[PDB]
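Chains L, W, R, A, P, E and Z are the protein sequences, given in the same order.
The first sequence begins at 851 in the deposited numbering and counts up one residue at a time.
The second sequence begins at 101 in the deposited numbering and counts up one residue at a time.
Residues 257 to 346, 353 to 365, 370 to 387, 390 to 541 (the deposited numbering) make up the third sequence, in order.
The fourth sequence begins at 401 in the deposited numbering and counts up one residue at a time.
Residues 1 to 39, 75 to 300, 439 to 512 (the deposited numbering) make up the fifth sequence, in order.
The sixth sequence begins at 61 in the deposited numbering and counts up one residue at a time.
The seventh sequence begins at 26 in the deposited numbering and counts up one residue at a time.
Where is the CB? At the ideal position from N, CA and C, for every residue including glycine.
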Amino acid sequence: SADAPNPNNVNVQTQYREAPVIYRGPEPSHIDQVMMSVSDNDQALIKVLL
Amino acid sequence: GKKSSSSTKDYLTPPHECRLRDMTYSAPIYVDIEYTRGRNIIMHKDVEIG
Amino acid sequence: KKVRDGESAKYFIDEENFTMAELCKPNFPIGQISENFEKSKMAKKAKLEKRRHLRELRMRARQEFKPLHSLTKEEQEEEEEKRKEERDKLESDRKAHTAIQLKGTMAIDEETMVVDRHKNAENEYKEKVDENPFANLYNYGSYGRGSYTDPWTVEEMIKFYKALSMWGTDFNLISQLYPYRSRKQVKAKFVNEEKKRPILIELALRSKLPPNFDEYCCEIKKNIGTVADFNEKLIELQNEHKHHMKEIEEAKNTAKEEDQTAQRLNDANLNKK
Amino acid sequence: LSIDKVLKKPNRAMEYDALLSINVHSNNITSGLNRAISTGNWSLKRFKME
Amino acid sequence: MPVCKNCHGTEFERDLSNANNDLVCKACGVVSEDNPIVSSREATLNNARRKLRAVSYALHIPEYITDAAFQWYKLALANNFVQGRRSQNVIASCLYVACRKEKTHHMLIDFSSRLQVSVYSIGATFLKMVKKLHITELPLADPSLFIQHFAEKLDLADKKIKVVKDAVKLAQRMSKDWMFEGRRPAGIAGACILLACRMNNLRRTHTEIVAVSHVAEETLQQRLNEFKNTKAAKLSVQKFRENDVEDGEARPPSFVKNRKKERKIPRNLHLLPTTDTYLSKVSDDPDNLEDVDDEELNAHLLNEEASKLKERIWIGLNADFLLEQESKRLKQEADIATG
Amino acid sequence: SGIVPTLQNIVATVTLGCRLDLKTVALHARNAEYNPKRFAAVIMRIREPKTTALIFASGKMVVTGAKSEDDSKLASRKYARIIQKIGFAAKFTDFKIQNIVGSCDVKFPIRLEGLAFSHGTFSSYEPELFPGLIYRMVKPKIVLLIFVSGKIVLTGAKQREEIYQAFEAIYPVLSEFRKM
Amino acid sequence: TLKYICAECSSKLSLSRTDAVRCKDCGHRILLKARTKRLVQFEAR
Ligand SMILES: [Zn+2]
Ligand SMILES: [Zn+2]
Numbered sequence: 851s852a853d854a855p856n857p858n859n860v861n862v863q864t865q866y867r868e869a870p871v872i873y874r875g876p877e878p879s880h881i882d883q884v885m886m887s888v889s890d891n892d893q894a895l896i897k898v899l900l
Numbered sequence: 101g102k103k104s105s106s107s108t109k110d111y112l113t114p115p116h117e118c119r120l121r122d123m124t125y126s127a128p129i130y131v132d133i134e135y136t137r138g139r140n141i142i143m144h145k146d147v148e149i150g
Numbered sequence: 257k258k259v260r261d262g263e264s265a266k267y268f269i270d271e272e273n274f275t276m277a278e279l280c281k282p283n284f285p286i287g288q289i290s291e292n293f294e295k296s297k298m299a300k301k302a303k304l305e306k307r308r309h310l311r312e313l314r315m316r317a318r319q320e321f322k323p324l325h326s327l328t329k330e331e332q333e334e335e336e337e338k339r340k341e342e343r344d345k346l353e354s355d356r357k358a359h360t361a362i363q364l365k370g371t372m373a374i375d376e377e378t379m380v381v382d383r384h385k386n387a390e391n392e393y394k395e396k397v398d399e400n401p402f403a404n405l406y407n408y409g410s411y412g413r414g415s416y417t418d419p420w421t422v423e424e425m426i427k428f429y430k431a432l433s434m435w436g437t438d439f440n441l442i443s444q445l446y447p448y449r450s451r452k453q454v455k456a457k458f459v460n461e462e463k464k465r466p467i468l469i470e471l472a473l474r475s476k477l478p479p480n481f482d483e484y485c486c487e488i489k490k491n492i493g494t495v496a497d498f499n500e501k502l503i504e505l506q507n508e509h510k511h512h513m514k515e516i517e518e519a520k521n522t523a524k525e526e527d528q529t530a531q532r533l534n535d536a537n538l539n540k541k
Numbered sequence: 401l402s403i404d405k406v407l408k409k410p411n412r413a414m415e416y417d418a419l420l421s422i423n424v425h426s427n428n429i430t431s432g433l434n435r436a437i438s439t440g441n442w443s444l445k446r447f448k449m450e
Numbered sequence: 001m002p003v004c005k006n007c008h009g010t011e012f013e014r015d016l017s018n019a020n021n022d023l024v025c026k027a028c029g030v031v032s033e034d035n036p037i038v039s075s076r077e078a079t080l081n082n083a084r085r086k087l088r089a090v091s092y093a094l095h096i097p098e099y100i101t102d103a104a105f106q107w108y109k110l111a112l113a114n115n116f117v118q119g120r121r122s123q124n125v126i127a128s129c130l131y132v133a134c135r136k137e138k139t140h141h142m143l144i145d146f147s148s149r150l151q152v153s154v155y156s157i158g159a160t161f162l163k164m165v166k167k168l169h170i171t172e173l174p175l176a177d178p179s180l181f182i183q184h185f186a187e188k189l190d191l192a193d194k195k196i197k198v199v200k201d202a203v204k205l206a207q208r209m210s211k212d213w214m215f216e217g218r219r220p221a222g223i224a225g226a227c228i229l230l231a232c233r234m235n236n237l238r239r240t241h242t243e244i245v246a247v248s249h250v251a252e253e254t255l256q257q258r259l260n261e262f263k264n265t266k267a268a269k270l271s272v273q274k275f276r277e278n279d280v281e282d283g284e285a286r287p288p289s290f291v292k293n294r295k296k297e298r299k300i439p440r441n442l443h444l445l446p447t448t449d450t451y452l453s454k455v456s457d458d459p460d461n462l463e464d465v466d467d468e469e470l471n472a473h474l475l476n477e478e479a480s481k482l483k484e485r486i487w488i489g490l491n492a493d494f495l496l497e498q499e500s501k502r503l504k505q506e507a508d509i510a511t512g
Numbered sequence: 061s062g063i064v065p066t067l068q069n070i071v072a073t074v075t076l077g078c079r080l081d082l083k084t085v086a087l088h089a090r091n092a093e094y095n096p097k098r099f100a101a102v103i104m105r106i107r108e109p110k111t112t113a114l115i116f117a118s119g120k121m122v123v124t125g126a127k128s129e130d131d132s133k134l135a136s137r138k139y140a141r142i143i144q145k146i147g148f149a150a151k152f153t154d155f156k157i158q159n160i161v162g163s164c165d166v167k168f169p170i171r172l173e174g175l176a177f178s179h180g181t182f183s184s185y186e187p188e189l190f191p192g193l194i195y196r197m198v199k200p201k202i203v204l205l206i207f208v209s210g211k212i213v214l215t216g217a218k219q220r221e222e223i224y225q226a227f228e229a230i231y232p233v234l235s236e237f238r239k240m
Numbered sequence: 026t027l028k029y030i031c032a033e034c035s036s037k038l039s040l041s042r043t044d045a046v047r048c049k050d051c052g053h054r055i056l057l058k059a060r061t062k063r064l065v066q067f068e069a070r
């Protein structure tokens with residue numbers, strides 16, 4: 851989906867490779883409030899603070 | 101943000117909720133204008149603009 | 257009675273109301289309402305008065321046997337209402359003309379053209397005439413083309429069978445023979461009458477009546493001259509001959525103007541040296 | 401400009417497209433009014449400043 | 001990528017510690033690399084993108100589906116699908132197919148309201164622009180989010196979940212109960228929102244629902260008449276049952292109109446009837462035409478007497494078009510003389 | 061079961077040789093529909109069934125109101141006869157069948173939400189443009205009209221065998237999602 | 026799974042894999058996440 855092909859019946863969702871964001875930090879921390887929500891354009895906004 | 105039949109907005113999206121939803125805190129415009137609709141008819145439709 | 261929450265979930269709701277049974281789907285006032293009283297009340301009223309307006313238009317169209325001229329008569333009546341509003345709300355016809363002398371004046375009348383700077387200056393006119401209240405109505409579902417018809421007159425059917433016994437499948441003449449109907453709806457009438465009846469239509473095609481009363485009705489109800497093929501053919505030939513003579517005279521005048529321009533160019537070349 | 405774009409055909413005069421077509425440039429006051437306050441650069445075409 | 005010295009083709013892992021993050025191999029340990037280094076037609080498509088932006092921000096759709104409709108229009112123009120339109124119908128049809136891809140709530144009337152175009156011509160061009168697909172897999176048979184998002188601008192309630200969830204439950208139960216197959220999703224949304232509002236202790240004027248839902252007044256009453264016909268509606272007044280069992284005796288009225296179908300006022442290839450024998454019997458002779466003497470060949474034309482009267486009628490009535498045609502020929506043979 | 065569709069109407073054309081003229085002979089007759097519109101052609105005795113069709117463009121008039129090929133060519137026998145009653149050549153050349161319309165009903169109509177949810181490769185089912193399903197059969201070139209009411213009506217075919225092979229090959233599909 | 030605490034009336038709802046995320050009868054849009062049931066350990070320093 852980085853390019854723009856046609857929406858054919860071929861497998862578009864054929865791979866789900868992992869590119870997350872990771873806590874790069876010197877000291878360990880904790881998670882106290884994680885929330886998933888909606889934005890203006892109906893997409894899953896997720897905010898998490900550490 | 102008046103809407104002079106009902107209340108002000110009936111939500112008027114709450115501010116601390118609007119800070120977490122990644123939405124702008126807003127209330128719309130309301131105007132009153134004429135037209136030249138018919139050959140002998142002028143409407144007074146009351147619309148909103150942004 | 258009024259708008260009040262009588263009851264629900266137990267029986268027919270009756271605390272302050274006029275209901276005595278369930279299944280209130282028919283008219284669908286049941287409990288109470290507190291939203292959109294007057295703007296939703298004055299919508300079916302506007303629809304009903306516009307439907308009665310179109311019905312009285314269809315009734316008036318029977319008298320004057322010209323459909324689009326009846327529509328222009330309707331807009332002539334509403335612009336008579338507009339000039340009545342010009343009498344009411346308010353010389354007044356401050357407009358322009360085909361020439362530049364517009365006003370008051372054509373120019374100054376003292377010594378020379380004084381108001382030519384003001385006469386040379390359309391969008392300043394009389395418009396505060398037609399004032400009408402607003403609404404929030406709609407015309408959706410399907411809007412555009414359509415067919416406003418009625419249950420047809422049986423005397424119109426008798427006239428149609430007499431016509432088809434007298435002057436048959438002649439779509440334009442049948443549309444002109446009923447000069448307040450239209451063309452596609454009487455074509456649907458053609459296929460509808462072709463559907464249900466073989467006997468009187470077969471006797472009608474057996475009859476072969478000569479068309480004199482049809483021309484009588486078409487010359488009275490329309491007031492058309494109907495000049496014959498010799499007179500109309502002679503008028504068309506005279507118009508074609510006048511157009512050909514005008515084209516030949518224009519070509520000869522253009523050739524004479526080109527010759528005069530060539531002579532003027534030769535004279536300018538003689539005067540340049 | 402939209403009014404002048406519509407009024408250019410032998411069709412019937414503009415009754416309802418004047419009543420409409422205000423919530424098509426209604427996202428010019430909102431988007432500009434949010435962009436100029438979320439960025440901080442106010443381009444004006446009558447005072448000529450940035 | 002598989003460039004290494006001691007092993008070949010192994011996996012790799014950039015370091016997390018020591019702020020060093022080099023791309024290193026496994027089980028022997030070799031960096032195997034350096035340090036990491038990190039850091075014409077277009078005018079027509081621009082006009083189409085501006086028009087699609089206008090219809091997108093007017094029809095209240097998100098920003099990604101605008102680019103989806105843009106790449107769909109680019110692929111379609113690469114397939115040369117249409118030319119010379121007013122482009123309102125074209126952009127509306129492209130945004131309609133990109134919008135009916137997703138489960139959002141936009142019908143044909145929301146597009147037909149723009150530019151005051153009749154909805155049937157827009158649907159006709161929508162079935163003319165399917166001369167590129169040969170896939171046509173559109174998930175269109177789910178009017179469930181229509182109930183979820185029509186109930187925000189119409190049928191305003193204090194709760195708007197008690198009416199809405201029971202509304203979509205009754206509407207899906209009725210659609211699975213044989214009352215929806217090409218049966219007006221906006222109309223069934225209006226019908227199973229008026230019914231669920233009747234379940235609530237608040238009433239609506241019948242004009243207020245059918246105004247903004249873009250549905251007729253008589254059709255929703257026909258729907259509610261069929262709701263009164265099918266459901267007994269005695270237990271429906273107080274409270275619906277928690278365990279609703281509905282099996283059999285469920286049909287749209289097209290089944291009824293086929294059940295009565297009037298008004299009183439061993440498969441084999443050779444046993445099928447052949448159609449060439451009807452064409453083979455009657456002759457293919459262009460010269461033989463006189464075998465149809467059944468009082469019709471002797472009754473086509475009449476005499477000269479009652480024919481100049483018909484010519485008089487035709488020249489008297491159909492005169493202005495013939496005069497305009499002859500005058501247009503005179504206009505031509507005037508203005509083609511010069512250059 | 062083993063039912064057969066009944067045909068409704070067929071439309072074809074025929075090519076003639078010379079330059080025709082139906083402005084004076086039809087003027088000496090009963091009926092003449094002088095059309096100021098695009099199709100400038102007159103029609104005498106439209107109503108008499110399976111005898112007279114309608115408008116010609118350049119002479120190649122269509123066939124209107126015919127079911128069988130006896131009445132289709134018998135009507136075409138009566139058209140070149142009128143054109144020779146004018147006094148012309150009126151050749152009967154290239155009688156090619158273009159449209160045969162057939163309608164039927166299997167009396168047990170079936171569900172279409174599953175036939176449109178799963179069998180979407182050969183159909184474009186759109187609810188309120190038109191309630192009947194548009195079945196795009198590619199073998200042969202026939203666009204079927206599947207209806208919610210169940211009265212299956214076929215059009216666009218050029219042969220009756222094409223209608224039989226199109227209706228027989230869809231009856232197991234009708235018996236697949238078969239709910240009375 | 027019993028998680029996804031609301032932010033207006035604090036209801037324990039479990040949304041499916043396709044929800045277009047929405048709350049319960051409170052009529053809200055956002056939702057937090059409940060605490061895990063594991064055993065966190067650390068000293069009191
Ligand atoms: Zn290694
Ligand atoms: Zn809550």
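Exercise for the section: Can you have a look at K269/P and say buried or exposed, based on whether 16 or more other CB atoms are within 10 angstroms of its CB? Expected result: exposed
Problem - Proximity to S178/E [Cα-Cα], best of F237/E, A101/E, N95/E and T84/E - result: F237/E
Practice task
Check whether the Cβ atoms of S426/A and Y108/P lie closer than 9 Å to each other.
Solution key: no
Problem - Of the residues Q506/R, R356/R and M379/R, the one placed nearest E392/R, counting alpha carbons only - result: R356/R
Practice task
Give every residue of the same chain whose Cβ lies closer than 7 Å to the Cβ of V884/L, excluding the five residues on either side of it in the sequence, and list them in chain order.
Solution key: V898
Exercise for the section: Go ahead and label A186/P buried or exposed: buried means 16 or more other beta carbons lie within 10 angstroms of its beta carbon, across all protein chains shown. Expected result: buried
Exercise for the section: Check whether the Cβ atoms of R139/W and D344/R sit closer than 9 Å, and answer yes or no. Expected result: no
Handout entry: Whole-angstrom distance between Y130/W and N423/A, CA atom to CA atom
Key = 12 Å
Problem - Residue of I149/W, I141/W, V147/W and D146/W minimising C-alpha distance to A413/A - result: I141/W
Exercise for the section: State the start and end residues of the unbroken beta strand (DSSP E) segment that holds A361/R. Expected result: Careful: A361/R lies outside any beta strand (DSSP E) and carries neither H nor E.
Practice task
Please classify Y416/R: is it buried, with 16 or more other beta-carbons within 10 angstroms of its beta-carbon, or exposed?
Solution key: exposed
Exercise for the section: Drop a sphere of 10 angstroms on the beta-carbon of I142/E, count the other beta-carbons inside from all chains shown, and report buried for 16 or more, exposed for fewer. Expected result: buried
Practice task
Anything in chain Z within Cβ reach of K195/P, meaning under 9 Å, just list it in chain order.
Solution key: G52
Exercise for the section: May I ask you to verify whether the stretch 422-432 of chain R touches the stretch 157-172 of chain P, counting CB pairs closer than 8 Å and requiring at least 3? Expected result: No: the two stretches stay apart, fewer than three of their Cβ pairs being nearer than 8 Å.
Practice task
Less than 8 Å between the CB atoms is what I'm expecting for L130/P and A104/P, so what's the real figure, rounded?
Solution key: 5 Å
Practice task
Give me whichever residues DSSP pairs with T75/E in a beta bridge.
Solution key: In the DSSP output, where bridge partners are listed per residue, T75/E has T153/E.
Practice task
Return no unless some Cβ of chain B is closer than 9 Å to the Cβ of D110/W.
Solution key: No chain B appears in this structure, whose protein chains are L, W, R, A, P, E and Z.
Problem - Neighbour list for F402/R in chain W, Cβ cutoff strictly below 7 Å - result: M143, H144 and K145
Practice task
May I ask you to check if the CB of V30/P is nearer than 8 Å to at least one heavy atom of ligand 1?
Solution key: yes
Handout entry: First and last residue of the uninterrupted alpha helix (DSSP H) at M121/E
Key = Neither: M121/E is in no alpha helix (DSSP H) and is coded neither H nor E.
Exercise for the section: Starting from the N-terminal side, write out each stretch of the alpha helix (DSSP H) that is 4 residues or longer and does not extend beyond the stretch 129-162 of chain P. Expected result: The alpha helix (DSSP H) runs lying completely inside the stretch 129-162 of chain P and spanning 4 residues or more are 144-147, given in chain order.
Handout entry: Rounded C-alpha distance that separates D81/E from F168/E
Key = 52 Å
Problem - Residue-level contact to chain R via CB, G150/W, 9 Å cutoff - result: no
Handout entry: Per-residue contacts from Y448/R into chain P (C-beta, under 9 Å)
Key = Simply none; closest approach about 17 Å.
Handout entry: Residues that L110/P contacts on chain L, provided the C-beta gap is smaller than 7 Å
Key = For the C-beta of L110/P, the chain L residues within less than 7 Å are, from N- to C-terminus, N856.
Handout entry: Per-residue DSSP class, three states only, for residue 208/R
Key = What the structure shows of chain R is the stretch from 257 to 541, and residue 208/R is not part of that stretch, so it cannot be assessed.
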